[PDB]
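Asks:
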Ligand SMILES: Nc1ncnc2c1ncn2[C@@H]1O[C@H](COP(=O)(O)OP(=O)(O)O)[C@@H](O)[C@H]1O
Ligand SMILES: Nc1ncnc2c1ncn2[C@@H]1O[C@H](COP(=O)(O)OP(=O)(O)O)[C@@H](O)[C@H]1O
Ligand SMILES: [Mg+2]
Ligand SMILES: [Mg+2]
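Residue numbers (the deposited numbering): 2 to 163, 170 to 294, 308 to 463, 477 to 585.
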């Protein structure tokens, strides 16, 4: 490949969760160990099962792998670090401060932002270490800090004083400032770091990774690489129309890549049929009738309990918008009123159908404009009082995903209120962290009361998830966060199930088996009511074809 040539000491990875960062990291580590240089693979997901593939148990203590000479493994548990932060920042105040303060501290130091800050703290601890970076020539991490975290950490300003901002986790950063300054300088220096982007060959994932690359370039990183992982071999589509459609879409995505990413060196990794579970599988990486309930049952249930909101939620690039459009169109077909408030300005799903259908309506909310408006509105509140440094720190904080989600939710609140006895399908619900924080802080923009959302009879938060390991685990994490917030997701929607589709080729068959395992797990111990949506061969961008989703 083009990204394993005379590589520097450190080597990070980053991309959408579940695109194969761990597999590529392990393969690169194995190859470098075979070359002759000592490496130190550092996994990040606690449930990665990295130790399983290598054949040895891996923990917080560095442990050599006997199978591969000159290979050392290590693990960082961001959840453990976050729990430690909460315990050592809350215990001293517990039992002496009012319950409201304790609740606020607990909420602020919890959620995705806290885990990201803890992960960067552990990364900095590994970097600029006494002998960790002096004994092992190469270190190959498995997930890199987001641009927001890097921007926050290098910014100066007192951190010993942590309304919806996410500057709480920075208060738990015990180490000296010079430590993180040196860590960030080492990370940004092209001589030491070679950040690698891994992104599936799809439009949404490519645009997301392009945005992350733009952020990282803004930070200061100069040289990067791209590794498009997930290309389906052309010959695999010899006699399967679904395989032909998949290959056509993948090739179209490759042909039209975002302009910003064109200059970067690019690589391709074929989807090897052999399942990546053993050492042999990772060595060569770089070189059925499913009968499960469809969306008909979900639509019937919603139809039975009408005058309710159907607010999807899930990590980006899992087809939330298309599913919301399909549900809204199906409900409109029955004659019941719907208000499909999608938030995808890039493409139109229900265009030209508003006038054709008597009762259907739409409201296109642009997340970028809403985020910018919220940022501007909050800059002049709590900005004048703060000194220049404080204002800069707050402005940097307000670029987090939490701010964008809060802005989107606030923009959606007015749509909710203007709709009474009428269905309202959403596009992107706020996570549990945002709901809890906005409810605790609040006790022109106005947000819907948490009372309505928590009510089982007026808020059916469906959770859309792709059918793979990591997407399922992160969706389960989101469900746990929502349950902490007090709202119970009503059902689950597994999307893009090749097994549900007609697959008659080797690679598609293996993927279908894996997704069947995931669906079984989801039905067993994640959701009491789940629906599987197949991978439609034709892209669902029309109005009459959307019914294909609801009536496979
Ligand atoms: N090039 C590839 N060929 C075949 N399978 C792959 C490839 N890349 C990733 N996978 C599959 O993806 C699954 C999960 O990938 P993972 O390493 O967890 O990505 P991430 O670390 O981003 O979640 C693995 O079980 C593996 O089989
Ligand atoms: N059930 C499905 N079958 C096939 N493709 C799908 C399905 N759902 C979504 N997609 C594809 O996924 C792409 C991106 O999904 P999108 O809905 O934009 O994600 P988000 O909800 O984060 O906006 C779309 O271009 C769409 O064609
Ligand atoms: Mg992973
Ligand atoms: Mg969307």
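Don't be surprised by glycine CBs; every beta carbon is placed ideally from N, CA and C.
Residue 101 by DSSP, collapsed to three states: which one?
Replies: Taking the first residue of the chain shown as position 1, residue 101 is located at position 100. Helix, per DSSP.
Asks: When you measure from the CB of residue 510 to every non-hydrogen atom of ligand 1, does any distance come out below 8 Å?
Replies: Locating residue 510 in the chain shown gives position 477, counting from the first residue. Not under cutoff, so the answer is no.
Asks: Is DSSP giving residue 76 helix, strand or coil here?
Replies: For the purposes of this step, residue 76 is identified with residue 75 of the chain shown, where counting begins at 1. DSSP places residue 76 in strand when its eight states are reduced to three.
Asks: What residue from 371, 514, 463, 511 has the CA that sits closest to residue 578's CA?
Replies: Here residue 578 is taken as the residue at index 545 of the chain shown, counted from 1. Ranking the options by Cα distance to residue 578, first place goes to 371.
Asks: With DSSP as the reference, label residue 434 as helix, strand or coil.
Replies: Reading the chain shown from its first residue, position 414 is the one you call residue 434. Residue 434: helix per DSSP, three-state reduction.
Asks: May I ask you to check if the CB of residue 501 is nearer than 8 Å to at least one heavy atom of ligand 1?
Replies: Sequence index remark: in the chain shown, residue 501 carries index 468 (1-based). Answer for residue 501: yes, Cβ within range of ligand 1.
Asks: Measuring only from the beta carbon, is residue 481 closer than 8 Å to any heavy atom that is part of ligand 6?
Replies: The model on display carries ligand 1, ligand 2, ligand 3 and ligand 4 but not ligand 6.
Asks: Consult DSSP for residue 232 and reduce its assignment to one of helix, strand or coil.
Replies: Residue numbering aside, residue 232 sits at position 225 when the chain shown is read from its first letter. Strand.
Asks: Can the beta-carbon of residue 153 be found less than 9 Å from the beta-carbon of residue 399?
Replies: Walking along the chain shown from the start, residue 153 turns up at place 152. Walking along the chain shown from the start, residue 399 turns up at place 379. Contact flag unset, no.
Asks: What residues in its chain sit with their C-beta under 7 Å from that of residue 150, if we drop five residues either side in the sequence?
Replies: Locating residue 150 in the chain shown gives position 149, counting from the first residue. Closer than 7 Å at the Cβ level, and outside the excluded window around residue 150, lie 117, 118, 121.
Asks: Nearest to residue 262 by CA position, among 219, 290, 213, is which residue?
Replies: In the chain shown, residue 262 corresponds to position 255, counting from 1. Checked all of 219, 290, 213; the closest Cα to residue 262 is 213.
Asks: Mind checking whether residue 170 and residue 461 have CB atoms under 9 Å apart?
Replies: As a working mapping, residue 170 is identified with position 163 in the chain shown. As a working mapping, residue 461 is identified with position 441 in the chain shown. Yes, these two residues count as a Cβ contact at 9 Å.
Asks: Quick check on residue 442: does DSSP put it in helix, strand or coil?
Replies: On the chain shown, position 422 is the one that residue 442 refers to. Note: residue 442 maps to coil in three-state DSSP.
Asks: Which of the three DSSP states, helix, strand or coil, is assigned to residue 334?
Replies: As a first step, residue 334 must be located in the chain shown, where it is residue number 314. Of the three classes helix, strand and coil, the one that applies to residue 334 here is coil, per DSSP.
Asks: Decide yes or no for the touch test of the stretch 266 to 280 against the stretch 212 to 232: beta carbon pairs closer than 8 Å, at least 3 of them.
Replies: At 8 Å Cβ cutoff, the stretches touch.
Asks: Just to confirm my understanding: we take residue 305, look at its own chain, exclude 5 residues before and 5 after, and list those with CB closer than 6 Å. What are they?
Replies: Regarding the residue in question, residue 305 is not represented: the chain runs 294 and then 308, omitting everything in between.
Asks: Leaving out five residues before and five after residue 232 in sequence, what residues of the same chain have Cβ atoms less than 6 Å from its Cβ?
Replies: As a working note, residue 232 is residue 225 in the chain shown. Within the same chain, residue 232 has close Cβ partners 4, 203, 272.
Asks: State the beta-bridge partners of residue 203 as determined by DSSP.
Replies: The sequence position of residue 203 within the chain shown is 196, counting from 1. Note: residue 203 sits in a beta bridge opposite 14, 232.
Asks: Give a single yes or no on whether residue 363 has its beta carbon closer than 8 Å to a heavy atom of ligand 4.
Replies: Along the chain shown, one-based indexing puts residue 363 at 343. Within the cutoff, so yes.
Asks: How would you call residue 181, buried or exposed, if buried means at least 16 neighbouring beta carbons within 10 angstroms?
Replies: One-based indexing of the chain shown puts residue 181 at position 174. Exposed: under 16 other Cβ atoms inside 10 Å.
Asks: If you check the beta carbons only, do residue 427 and residue 393 fall under 9 Å apart?
Replies: As a first step, residue 427 must be located in the chain shown, where it is residue number 407. As a first step, residue 393 must be located in the chain shown, where it is residue number 373. Cβ atoms of residue 427 and residue 393: closer than 9 Å.
Asks: Please look up how many angstroms separate the CB atoms of residue 286 and residue 24, rounded, as I've assumed it's under 8 Å.
Replies: Counting from 1 along the chain shown, the entry for residue 286 is found at position 279. Counting from 1 along the chain shown, the entry for residue 24 is found at position 23. Wrong, their Cβ atoms sit about 12 Å apart, outside the cutoff.
Asks: Are there any heavy atoms of ligand 3 lying less than 8 Å away from the beta-carbon of residue 335, as far as the coordinates show?
Replies: For the purposes of this step, residue 335 is identified with residue 315 of the chain shown, where counting begins at 1. Outside the cutoff, so no.
Asks: If we count Cβ pairs, one from each stretch, closer than 8 Å, do we get three or more for the stretch 490 to 502 versus the stretch 515 to 534?
Replies: Touching, yes.
Asks: Tell me the rounded alpha-carbon separation between residue 132 and residue 138.
Replies: The residue you call residue 132 lines up with position 131 of the chain shown. The residue you call residue 138 lines up with position 137 of the chain shown. Distance between the alpha carbons of residue 132 and residue 138: 11 Å.
Asks: To the nearest angstrom, report how far apart residue 93 and residue 419 are at their CA atoms.
Replies: Within the chain shown, numbered from 1, the residue matching residue 93 stands at position 92. Within the chain shown, numbered from 1, the residue matching residue 419 stands at position 399. Looking at the two C-alpha atoms, the distance is approximately 31 Å.
Asks: Which two residues bound the contiguous alpha helix (DSSP H) that contains residue 254?
Replies: Translated into the one-based positions of the chain shown, residue 254 becomes position 247. Element bounds for residue 254: 248 to 262.
Asks: Which ranges would you report for the alpha helix (DSSP H) in the stretch 321 to 377 if only whole runs of at least 4 residues count?
Replies: Runs of the alpha helix (DSSP H) inside the stretch 321 to 377: 340 to 353, 373 to 376.
Asks: Mapping DSSP to helix, strand and coil, what is residue 539?
Replies: Here residue 539 refers to the residue found at position 506 of the chain shown. Three-state result, residue 539: helix.
Asks: Nearest-angstrom Cα distance between residue 253 and residue 191?
Replies: Stepping through the chain shown from its first residue, residue 253 is reached at position 246. Stepping through the chain shown from its first residue, residue 191 is reached at position 184. Going by the C-alpha atoms only, they are around 40 Å apart.
Asks: Going by beta-carbon coordinates alone, are residue 54 and residue 75 separated by less than 9 Å?
Replies: In the chain shown, counting from the first residue as 1, residue 54 sits at position 53. In the chain shown, counting from the first residue as 1, residue 75 sits at position 74. Not in contact: residue 54 and residue 75 (Cβ atoms no closer than 9 Å).
Asks: Where residue 244 and residue 501 are concerned, what is the direct C-alpha to C-alpha distance, given to the nearest angstrom?
Replies: In the chain shown, the residue the question calls residue 244 occupies position 237. In the chain shown, the residue the question calls residue 501 occupies position 468. If you take the alpha carbons of residue 244 and residue 501, they lie about 22 Å apart.
Asks: Please return the same chain residues whose Cβ sits closer than 7 Å to the Cβ of residue 387, not counting the five positions on each side in sequence.
Replies: Position 367 of the chain shown, counting from 1, holds the residue named residue 387. Within the same chain, residue 387 has close Cβ partners 363, 424, 428.
Asks: Exposed or buried, residue 17, counting other C-beta atoms within 10 Å across all chains shown (16 or more means buried)?
Replies: By 1-based counting over the chain shown, the position of residue 17 is 16. Classification of residue 17: buried, given that the 10 Å Cβ count is 16 or more.
Asks: Could you pull the DSSP bridge partners for residue 525 from this structure?
Replies: Along the chain shown, one-based indexing puts residue 525 at 492. Paired residue(s): 496, 563.
Asks: Between residue 13 and residue 172, what straight-line distance do the alpha-carbon atoms span, to the nearest angstrom?
Replies: Within the chain shown, numbered from 1, the residue matching residue 13 stands at position 12. Within the chain shown, numbered from 1, the residue matching residue 172 stands at position 165. Whole-angstrom Cα-Cα distance: 28 Å.
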